[PDB]
Amino acid sequence: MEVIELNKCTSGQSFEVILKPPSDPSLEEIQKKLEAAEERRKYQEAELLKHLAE
Amino acid sequence: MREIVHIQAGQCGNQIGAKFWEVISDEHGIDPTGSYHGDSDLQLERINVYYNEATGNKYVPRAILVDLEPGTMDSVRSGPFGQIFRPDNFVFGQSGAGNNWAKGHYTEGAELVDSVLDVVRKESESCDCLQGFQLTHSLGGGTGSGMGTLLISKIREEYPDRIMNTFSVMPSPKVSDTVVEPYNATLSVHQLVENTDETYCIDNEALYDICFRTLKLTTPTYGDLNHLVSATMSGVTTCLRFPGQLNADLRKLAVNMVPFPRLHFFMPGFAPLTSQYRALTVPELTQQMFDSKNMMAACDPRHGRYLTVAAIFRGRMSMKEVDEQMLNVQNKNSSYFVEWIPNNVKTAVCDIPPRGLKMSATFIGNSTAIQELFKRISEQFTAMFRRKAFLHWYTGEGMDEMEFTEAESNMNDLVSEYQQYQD
Amino acid sequence: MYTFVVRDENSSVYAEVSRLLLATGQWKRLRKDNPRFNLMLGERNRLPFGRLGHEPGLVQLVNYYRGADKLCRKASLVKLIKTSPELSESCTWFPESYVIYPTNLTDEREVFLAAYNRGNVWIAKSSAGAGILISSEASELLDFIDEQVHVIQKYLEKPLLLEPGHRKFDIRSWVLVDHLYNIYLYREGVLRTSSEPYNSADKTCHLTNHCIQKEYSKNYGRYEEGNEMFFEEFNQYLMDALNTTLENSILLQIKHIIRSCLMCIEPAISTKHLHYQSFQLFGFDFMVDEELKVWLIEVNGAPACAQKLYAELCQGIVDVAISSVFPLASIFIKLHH
Amino acid sequence: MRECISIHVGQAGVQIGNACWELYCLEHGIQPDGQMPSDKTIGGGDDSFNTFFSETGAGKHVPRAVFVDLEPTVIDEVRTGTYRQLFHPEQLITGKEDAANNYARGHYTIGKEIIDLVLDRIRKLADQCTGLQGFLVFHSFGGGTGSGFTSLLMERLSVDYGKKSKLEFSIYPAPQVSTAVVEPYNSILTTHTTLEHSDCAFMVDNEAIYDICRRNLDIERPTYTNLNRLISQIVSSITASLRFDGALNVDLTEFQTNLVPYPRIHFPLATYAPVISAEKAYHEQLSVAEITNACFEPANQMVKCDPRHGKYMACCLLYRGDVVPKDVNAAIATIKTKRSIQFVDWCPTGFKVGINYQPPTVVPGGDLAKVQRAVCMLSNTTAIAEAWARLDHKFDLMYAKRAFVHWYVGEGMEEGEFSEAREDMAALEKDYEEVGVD
Ligand SMILES: Nc1nc2c(ncn2[C@@H]2O[C@H](COP(=O)(O)OP(=O)(O)OP(=O)(O)O)[C@@H](O)[C@H]2O)c(=O)[nH]1
Ligand SMILES: Nc1ncnc2c1ncn2[C@@H]1O[C@H](COP(=O)(O)OP(=O)(O)CP(=O)(O)O)[C@@H](O)[C@H]1O
Ligand SMILES: Nc1nc2c(ncn2[C@@H]2O[C@H](COP(=O)(O)OP(=O)(O)O)[C@@H](O)[C@H]2O)c(=O)[nH]1
Ligand SMILES: [Ca+2]
Ligand SMILES: [Ca+2]
Ligand SMILES: [Ca+2]
Ligand SMILES: [Mg+2]
Ligand SMILES: [Mg+2]
Ligand SMILES: [Mg+2]
């Protein structure tokens, strides 16, 4: 039951009590994925318009 | 500002559509001349979803009236709220469609569809952000069925990223005008399978049974049937017309209710159905709302399983008691709800009740039992088609028998798709 | 109308409990994967406790206490008795045990041999048995374990022997802990007796298991039906032979041990302020020596019952454990604490 | 002094953000018009509250906050609310149509068209900072914007602010208030793509807040307003060390240092006490021991789970009110001799304690009663993995039938992202078991 690193100030205080010792994707790659999904949406819409044109 | 464009096509679509606008105009305080005379700002908070605001604080329905005969639309223009509709939004021909899907879809209707699209385009251009479209029509006739589904196809071509919603009246031999209704309905169902996101299946068989059995109307008329449709249409659009959190727009409703794109045909229900001053408790509203006798599709829900359910309670009531009764129906009949869609029952509450009721409940079910409706239509179709009976009405309009064979196969596939998820 | 699911088909106890619930007409059985249940008769292994108590509007109850495995495992029971101050290493009703890990894998090898060098017969066993060795030499014990975790405890070389027969036995007690952590001891126990005379110089006369006496013992069913003596006959024997009662000589120590064990783990397994509730039926196995001292052998977390007592005990499970939470439209001794 | 920027995404993030900044103003003595009489350095300063508020020459204290929503109705509440004078229009970003509870719609379809605008408005706040710490991101798991657009925003923030810390406040979905069946999909999709970009995330299960509001505040059917007032109290307890003088959790880096030894296991459990109804005219004030003991009751946790059947990696106690270190240690000593508090072997069994003497501030007229002392415990327990298990199971049920999947594929998302996201959750669920179970 040891209390360490007690720091006191006007608005409060803090400390630590120990009970027992122990025993990214780049901007280009993000733009590629955003554009790949947009292209899949365009391809699906083109297929729909082709279906409706028939 | 999430606007909806309303379209009503054919005799049934315009008569049911006019009653719908008559009902919700009263709920929003709009009078037959478009002037607001309400007493609550809740009436106007979402008023622009269905109404345009014109000069002089006038509210004009965003409604387009379509028919191949002038007759029924003259009755609308002479009806109670006939003056509220935009006069340029009356789009009609003179020939009629003779209850012939081919005339509405391929010959007579093709001549008129472009002028309807001009009115749709004019309404869409004045929308801050168009949600999508709702169409009222029957499937058993020629104009609402044949030309209505032609309209849906051409609206999808011009607005591919918008939601298409229909109130579709299914024919029944009990309430029948001609013997070719199964032909027209089978041809239309495949169109709806492909080109709508949400379809409320309104079965004239159920409407008749409710009027006769429950409401004790020995001789139901179309007006009696349309009273049930008015109440149902007002109930299923409450979440779109009033402030709320659940299914507040058409796309969020489709995301919650449609787990597979083709299975988007809903069983609507309404409570109460009284033949009248007695107050209805929350347990009674909840029990009636799930009873088969309150369903508008004439399908036994116990013959199938619920994929998704939406429930809308209207009026001043204990929302805690609503949650208790809603959880009670699910926990006491959980064998009728699919277990692979957790929490597939959503409940909404609106404070403003319908006219003449302290409280009400509206049921929207995506049940696999709806296959009984399509099976019924499929059997009547086949009984005639196996002998090619009455086909000359259609081949005379340029159609080939193969298109009927494919429509037949398409609807039997739809039946089989419901059956694979019922097991 | 209450709902329940069944997830352990091999449970003879709760198959009867499930049969009783349906016989009341007020309980409906659901599919085993339906989450909208009031009661779960769960599986023994990896019961998904983390998914319980998250169904709005459903009071959920499960027939197992999460964490009770600490009491119902060989090595776990030994570690729990040694390291808990409530029980302490100076525990008088538990045999001197040691946890021994095989050499192909803390451990207590050097501690076991320390007390061994200081009657020196021990027994080696584990939870992976139907594999038990009884020897007086420590070399055979440690070499057998090397051939899963095992435990070596002192073999009670002076057991209480029933006459006529000069035979060993062990007492099974059924204890039901409800959702309020009331400790109910079933008034009916069973003595699983050996049918062979105890030979202090073969494992048939040393292991009193009901399956071993029916396969390797040639005197099965001789003295009592199925090598099972119930309390009425055993109490009458203690009066005629030893001039004492079962309550005084044995049952006071049994109730004391049941209370000590279950109160020890109560802070770790109690569902008092939890979003779901638990109950569980336990099987305590006791040994009695010639001095009429009771020793705890092990605790079973998924015990079976005696064929004569299934009807009475399972009805008691419905009464105090299931209907106490879900009321419809005593055979137990409440060990207060 | 080092600034922190708050980012609120979707309805849940915005409405919770509105409740938090309301509480911040009441705590710092800032009026709705932005004026702060106690602030004597007019137009500038590097005080502890300046980490969250900038200052104009007119003496207005402006939140360092951005609000983003793909639909304008919720943010329009902020534009015409009580604290409308705090924010200038550049901080409030709205689209026309929302993500419709569709992760892929928020992430891919609509996110691509608005991500640059949001980053530009964030850049304007960052240019006011002399030493930016990083970001606090409020959002839901279940909404299309809160799940989909947040994950896209977190990816771009790691690119544009690589050295900055990012903390989440995440609303875990609960059917009692949820509005979408596909929320388990959105939760797991957004956790997968955000996992490597978040340093420390505080999950809040709406089920727990709902039940705390019903049990302790006697609200029969709690509303979002009731839920957000309680959530903002917990959020305030967590961020108070950034806005007030002190020595514990004084910068965002210290949150990861004190609570997250393993980077993937960065979801600390929050427990708060006491929650007292304001309708009670007089309530017996709970002591330090009683509120500290309540930190180990599942009924007071932001996520319902059982820390007895898990292991701790770290534990902080954040007190507000009449609390002195003597009574904290006396309470901890008693609790250790009564509770099942197992730490992992590679970590010290201890508690980092912070005490702020100012008692909790409550919204006048709200549901929470004023108390003389309160505590929020932040403990990294493996038991919080139970929330992942529940979520992953509901995912498995729907995805085995590919239910609703067409809505996501229709937005340009590939079906493989579903299983890829699920495999990451399976690996996350396996990491918790290796750390917490023997
Ligand atoms: N605690 C709390 N939860 C909320 C609040 N608002 C919404 N939620 C939860 O958030 C989830 C839905 O996400 P939303 O934030 O509403 O959706 P969104 O981020 O706006 O994204 P969209 O789909 O485009 O509308 C549900 O589980 C709600 O219960 C709120 O104010 N407080
Ligand atoms: N220390 C000891 N001294 C004497 N006999 C002992 C003993 N340890 C075990 N036994 C004997 O071993 C038998 C069974 O041992 P144990 O209970 O470990 O096996 P088990 O757990 O597979 C049977 P159960 O089905 O009750 O779980 C008992 O009948 C007992 O007589
Ligand atoms: N519920 C209801 N059904 C109608 C109404 N009018 C016609 N129907 C049904 O609609 C079908 C006839 O189609 P109809 O709309 O009259 O033909 P159309 O004008 O060419 O579209 C038949 O199945 C009728 O039973 C009506 O007012 N209400
Ligand atoms: Ca012509
Ligand atoms: Ca200043
Ligand atoms: Ca990073
Ligand atoms: Mg007609
Ligand atoms: Mg055993
Ligand atoms: Mg939103």
Side-chain angles (χ1 to χ4, degrees), chain B residues 1-3 45-46 127-132 160-163 197 239 243-264 307-310 317-324 326-327 330 338-349 366 420-421 423, chain D residues 11-12 15 70-74 76 94-105 109-110 142-144 173-186 207 210 214 219-224 390-391 393-411:
Chain B
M1 309 178 187
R2 40 188 59 157
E3 299 84 4
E45 192 154 359
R46 312 249 284 179
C127 286
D128 178 29
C129 191
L130 170 71
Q131 278 193 58
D161 58 350
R162 304 295 86 182
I163 295 293
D197 300 291
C239 288
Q245 285 278 323
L246 174 85
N247 305 334
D249 65 77
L250 294 170
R251 190 180 303 278
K252 274 183 178 182
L253 173 67
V255 167
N256 278 348
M257 292 295 291
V258 186
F260 307 100
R262 286 182 294 279
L263 312 185
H264 57 256
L307 299 171
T308 56
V309 176
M317 69 193 68
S318 173
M319 192 177 304
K320 162 185 170 59
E321 190 174 2
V322 169
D323 298 332
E324 293 183 11
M326 281 305 293
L327 296 171
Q330 307 171 63
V338 299
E339 70 284 347
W340 37 277
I341 301 183
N343 314 111
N344 59 342
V345 183
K346 299 304 178 182
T347 303
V349 174
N366 189 349
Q420 85 173 88
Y421 296 112
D423 303 322
Chain D
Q11 170 171 306
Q15 292 184 159
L70 304 183
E71 153 238 6
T73 68
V74 180
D76 282 331
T94 54
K96 293 275 181 178
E97 58 183 354
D98 64 42
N101 296 324
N102 188 338
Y103 171 92
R105 193 166 172 94
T109 301
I110 304 186
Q176 257 159 338
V177 288
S178 82
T179 49
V181 213
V182 297
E183 295 201 27
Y185 284 172
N186 299 338
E207 180 191 56
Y210 193 87
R214 288 201 297 187
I219 318 295
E220 306 208 61
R221 214 295 180 177
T223 57
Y224 281 146
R390 301 155 53 203
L391 214 48
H393 179 64
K394 295 182 179 179
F395 186 103
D396 291 348
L397 289 174
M398 284 187 295
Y399 190 67
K401 309 289 186 303
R402 300 302 188 269
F404 305 95
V405 169
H406 69 284
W407 289 111
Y408 298 74
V409 176
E411 298 291 352

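Every chain is numbered from 1 and lettered A, B, ... according to where its sequence line falls, protein lines coming before strand lines.
A distance of 10.5 Å separates CD in B:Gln420 from NZ in D:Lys401, rounded to the nearest 0.5 Å. Rounding to the nearest 0.5 angstrom, the gap separating the CG atom in B:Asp128 from the CD atom in D:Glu97 is 10.5 Å. For the atom pair CZ of B:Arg262 and NE2 of D:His406, the computed distance is 10.0 Å after rounding to the nearest 0.5 Å. Considering CG of B:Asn344 and CE of D:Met398, their distance stands at 10.0 Å, rounded to 0.5 Å.
For the pair B:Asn256 (side chain) and D:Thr179 (backbone), a donor-acceptor distance under 3.5 Å is present.
Scanning all heavy atoms of the two residues, the minimum distance from D:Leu397 to B:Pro342 falls at CD1-CG, 3.9 Å. Nearest heavy-atom pair across B:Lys252 and D:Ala100 is CG-CA, 3.5 Å. Taking every heavy atom of both residues into account, D:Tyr210 and B:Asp323 meet most closely at OH-OD2, 4.4 Å. Here the shortest heavy-atom pairing between B:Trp340 and D:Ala403 reads CZ3-CB, 4.4 Å. For the residue pair B:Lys320 and D:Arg221, the shortest heavy atom distance occurs at N-CG, 4.5 Å. What you find for B:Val258 and D:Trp407 is that their closest heavy atoms are O-NE1, 3.0 Å.
Counting heavy atoms from C-beta outward, D:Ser178 and B:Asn343 have side chains that stay 4.5 Å or more apart.
Ranked by heavy-atom pairs under 4.5 Å with chain D, the list B:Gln131, B:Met257, B:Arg2 is led by B:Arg2. Of the residues considered (D:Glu220, D:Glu71, D:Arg105), D:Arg105 shows the highest number of contacts with chain B, using heavy-atom pairs under 4.5 Å. In terms of heavy-atom pairs under 4.5 Å with chain D, the best-connected choice from B:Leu253, B:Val255, B:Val345 is B:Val255. Chosen from B:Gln245, B:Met319, B:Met1, the residue pairing most often with chain D at heavy-atom distances under 4.5 Å is B:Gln245.
Of the atoms belonging to D:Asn101, heavy atoms from both backbone and side chain fall under 4.5 Å from chain B. Using a 4.5 Å cut-off between heavy atoms, D:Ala180 contacts chain B through both its backbone and its side chain. Neither the backbone nor the side chain of B:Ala348 comes within contact range of chain D; no heavy atoms are under 4.5 Å apart. Only the side chain of D:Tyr224 comes within contact range of chain B, judged by heavy atoms closer than 4.5 Å. In this structure, the portion of B:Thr308 lying under 4.5 Å from any heavy atom of chain D is its side chain and not its backbone. Proximity to chain B (any heavy atom under 4.5 Å) is restricted, for D:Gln11, to the side chain, taken from C-beta onward. For B:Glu339, the part lying near chain D is the backbone, with the side chain staying farther off; criterion is any non-hydrogen pair under 4.5 Å.
With a 6.0 Å radius and a threshold of 12 heavy atoms from other residues, nucleotides or ligands, D:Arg402 has its CZ atom above the threshold.
Here D:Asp98 does not pair with B:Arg251 in a salt bridge; the nearest charged N to carboxylate O distance is not below 4.0 Å.
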